[PDB]
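Here's the structure, in structure tokens; my notes come after.
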Amino acid sequence: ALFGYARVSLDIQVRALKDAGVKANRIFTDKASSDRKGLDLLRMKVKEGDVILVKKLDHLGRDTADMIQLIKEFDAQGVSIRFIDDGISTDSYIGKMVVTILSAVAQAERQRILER
Amino acid sequence: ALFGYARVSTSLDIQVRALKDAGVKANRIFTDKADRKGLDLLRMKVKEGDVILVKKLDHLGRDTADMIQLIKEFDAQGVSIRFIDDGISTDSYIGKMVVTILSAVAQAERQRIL
Amino acid sequence: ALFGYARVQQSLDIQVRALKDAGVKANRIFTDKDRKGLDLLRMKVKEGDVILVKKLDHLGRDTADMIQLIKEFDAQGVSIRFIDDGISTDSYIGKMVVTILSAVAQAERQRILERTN
Amino acid sequence: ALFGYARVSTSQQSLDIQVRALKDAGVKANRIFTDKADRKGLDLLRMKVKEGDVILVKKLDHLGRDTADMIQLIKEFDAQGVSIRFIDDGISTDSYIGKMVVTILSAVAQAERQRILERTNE
């Protein structure tokens with residue numbers, strides 16, 4: 001089954017997931033600052049063969065460590081994640097490597113700006 | 001204009017079925033097991049503007065360097081590659097970013113050894 | 001203070017000699033064959049300390065575990081230096097570089113595993 | 001030859017921390033070039049460097065105003081055969097790691113520009 005995840009501007013993500021063909025009862029959301037309600041519900045409901053659509057790489061984990069763990073868990077469950085805006089999926093080991101690289105790069109930029 | 005390539009280390013029907021399901025004609029699908037024979041046949045048939053479909057990034061080369069080399073030589077003759085499961089085309093700005101990230105990785109691995 | 005950590009017997013003995021030759025005192029070297037040595041390291045280590053590791057591949061069991069270990073030690077004010085890779089977790093760029101190289105090592109491992117499995 | 005470069009937006013305090021760190025890493029006082037953002041010290045530096053030279057910089061973030069600027073400056077010096085050593089990060093631009101970081105960051109920056117162009121074009 002096809003799922004969607006969105007996190008905070010949420011309507012920009014939610015409408016985008018719906019227009020990607022995710023049904024409403026399969027869209028889970030978190031208002032980030034229990035920042036994990038929706039994601040925990042998604043982690044529970046997902047099963048082997050399922051697909052999760054995420055608008056952006058940044059909307060998954062709250063940092064690179066968190067995102068790498070989530071990808072590990074979903075992959076272990078036999079669930080692939082596709083990032084709509086980034087145009088990449090976790091559906092191959094090269095794919096996962098690139099996603100991890102991009103998260104790491106995006107994390108570094110946040111930290112540079114935070115020090116600045 | 002639409003071609004297909006499948007490769008295994010050792011089955012092979014999973015990739016071919018995916019290529020067929022993406023609209024590649026059976027006579028445009030070339031395969032390899034374990035040595036360049038099917039990839040060679042594909043080289044002689046493809047033309048500027050054509051697109052070669054592949055199931056995953058994982059399936060193209062023997063390793064990352066080899067895959068990058070293949071991408072770049074098909075790119076030299078105006079031929080792009082679409083990786084189905086990854087949802088990535090080498091001729092898009094994302095595909096180009098990915099190939100450059102992979103080239104960086106492969107060069108670093110090479111320099112590391114030295 | 002300078003500590004050493006090695007995960008894997010001969011390849012563990014190569015790593016230990018390498019850490020000693022890198023300047024780590026024998027009694028500050030901790031090893032694992034799952035995490036008995038790491039649990040001991042966690043207890044001795046204090047703010048401003050540095051852990052030496054021969055290769056990136058020898059800290060965690062996978063990328064998720066390694067980044068988590070780094071996050072944890074960083075939170076204690078303990079940095080990690082990888083001898084072979086020539087990089088430390090001191091700055092956010094070092095951490096970024098270490099994440100990248102782990103992702104690369106992991107991909108290679110998965111590439112090896114599939115051509116075997 | 002060994003040079004140093006320090007750059008700030010406005011804060012004098014961090015410029016002094018940078019210059020001090022540069023001296024402490026062994027750059028001669030007459031070999032430190034500075035800017036208060038601009039490019040005055042950088043333009044002077046460019047006249048003085050030659051193939052083989054090394055420029056110390058405190059942190060990656062003290063070279064350019066942003067990532068895209070930093071990458072362009074690294075590539076400019078690199079084409080001259082001049083490398084940059086970032087002290088706090090422990091990375092040289094001419095190592096396999098510095099080369100990898102520069103290439104990966106320029107790939108990402110290039111994708112973001114392509115992204116803007118597509119939104120502009122459509």
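Chain letters run A, B, ... following the sequence lines, proteins first and then strands; every chain starts at 1.
Annotation for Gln111(B) and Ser95(D): closest pair NE2-C, 4.4 Å, computed over non-hydrogen atoms. For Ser9(B) against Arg115(C), the heavy-atom pair with the smallest separation is OG-CA, 3.4 Å. Of all heavy-atom pairs between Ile52(B) and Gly4(B), the closest is CG2-C, 4.2 Å. Of all non-hydrogen atoms in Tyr5(A) and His59(A), the two that sit nearest each other are CE2-O, 3.2 Å. Across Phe3(B) and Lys45(B), no two heavy atoms sit closer than the pair CZ-O, 3.8 Å. The two residues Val14(A) and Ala6(A) come nearest to each other via the heavy atoms CG2-CB, 4.4 Å.
The shortest distance between side-chain heavy atoms of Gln77(B) and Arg43(B) does not fall below 4.5 Å. Between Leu73(D) and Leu42(D), some side-chain heavy-atom pair lies under the 4.5 Å cut-off. Taking 4.5 Å as the limit, every side-chain heavy atom of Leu2(C) sits out of range of all side-chain heavy atoms of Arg28(C).
To the nearest 0.5 Å, atom OG of residue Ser11(C) and atom CG of residue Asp13(C) are 8.0 Å apart. A distance of 12.0 Å separates CZ of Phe33(D) from CG of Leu22(D), quoted to the nearest 0.5 Å. In this structure, the separation between CG on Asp94(D) and CD1 on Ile74(D) is 11.0 Å, given to the nearest 0.5 Å. Interatomic distance, CD of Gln15(C) versus CZ of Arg7(C), reported as 10.5 Å (0.5 Å rounding). Put simply, CZ on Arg7(A) and OG1 on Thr29(A) are 12.0 Å apart, with the number rounded to the nearest 0.5 Å. From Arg7(D), atom CZ reaches atom CG of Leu63(D) across 7.0 Å, with rounding to the nearest 0.5 Å.
Residues forming a side-chain contact (heavy atoms from CB on, under 4.5 Å) with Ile14(C) (at least two apart in sequence, or on another chain): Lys54(C). Contacts of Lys72(A) classified as side chain to side chain donor-acceptor pair (under 3.5 Å), with partners at least two apart in sequence or in another chain: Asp62(C). Looking at residues two or more places apart in sequence or on another chain, you find a side-chain contact (heavy atoms from CB on, under 4.5 Å) between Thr120(D) and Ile116(D). Under the salt bridge (charged side-chain N to carboxylate O under 4.0 Å, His left out) criterion, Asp66(B) pairs with no residue, sequence neighbours left out.
There is a side-chain donor-acceptor pair under 3.5 Å between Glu73(A) and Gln69(A).
For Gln13(D), the CD atom counts as loosely surrounded, since its 6.0 Å shell holds 12 or fewer non-hydrogen atoms of other residues, nucleotides or ligands. More than 12 heavy atoms of other residues, nucleotides or ligands shown are found within 6.0 angstrom of CZ on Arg109(C). Few gaps surround CZ on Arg116(A); more than 12 heavy atoms of other groups in view lie less than 6.0 Å from it.
Checked for salt-bridge contact, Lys50(D) and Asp53(D) miss the test: no charged N lies under 4.0 Å from a carboxylate O. Remark: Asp38(D) engages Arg65(D) in a salt bridge, criterion side-chain N to carboxylate O under 4.0 Å.
At distances below 3.5 Å, at least one donor-acceptor pair connects side-chain atoms of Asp32(C) with backbone N or O atoms of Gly37(C). For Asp58(A) (side chain) and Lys56(A) (main-chain N/O), no donor-acceptor pair under 3.5 Å exists by modelled atom type.
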Legend entry - Pair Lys36(D)-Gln12(D), side chain to side chain donor-acceptor pair (under 3.5 Å): steps then yes or no: CA-CA 8 Å; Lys36(D) 300 180 206 180; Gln12(D) 189 72 31; 3.0 Å; yes
Side-chain donor-acceptor contacts of residues 95-109 of chain A below 3.5 Å, not counting sequence neighbours, with atom names and distances?
{"unit_1": "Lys96(A)", "atom_1": "NZ", "unit_2": "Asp75(A)", "atom_2": "OD2", "d": "3.1"}
{"unit_1": "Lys96(A)", "atom_1": "NZ", "unit_2": "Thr90(A)", "atom_2": "O", "d": "2.9"}
{"unit_1": "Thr100(A)", "atom_1": "OG1", "unit_2": "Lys96(A)", "atom_2": "O", "d": "2.9"}
{"unit_1": "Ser103(A)", "atom_1": "OG", "unit_2": "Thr64(A)", "atom_2": "OG1", "d": "2.7"}
{"unit_1": "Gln107(A)", "atom_1": "OE1", "unit_2": "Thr64(A)", "atom_2": "N", "d": "2.7"}
{"unit_1": "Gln107(A)", "atom_1": "OE1", "unit_2": "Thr64(A)", "atom_2": "OG1", "d": "3.4"}
{"unit_1": "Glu109(A)", "atom_1": "OE1", "unit_2": "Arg112(A)", "atom_2": "NE", "d": "3.4"}
{"unit_1": "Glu109(A)", "atom_1": "OE1", "unit_2": "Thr67(D)", "atom_2": "OG1", "d": "2.9"}
{"unit_1": "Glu109(A)", "atom_1": "OE2", "unit_2": "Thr67(D)", "atom_2": "OG1", "d": "2.8"}

Side chains of residues 78-85 of chain C: which donor-acceptor partners sit under 3.5 Å, not counting sequence neighbours?
{"unit_1": "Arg81(C)", "atom_1": "NH1", "unit_2": "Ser88(C)", "atom_2": "OG", "d": "3.4"}
{"unit_1": "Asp85(C)", "atom_1": "OD2", "unit_2": "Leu56(C)", "atom_2": "N", "d": "2.8"}

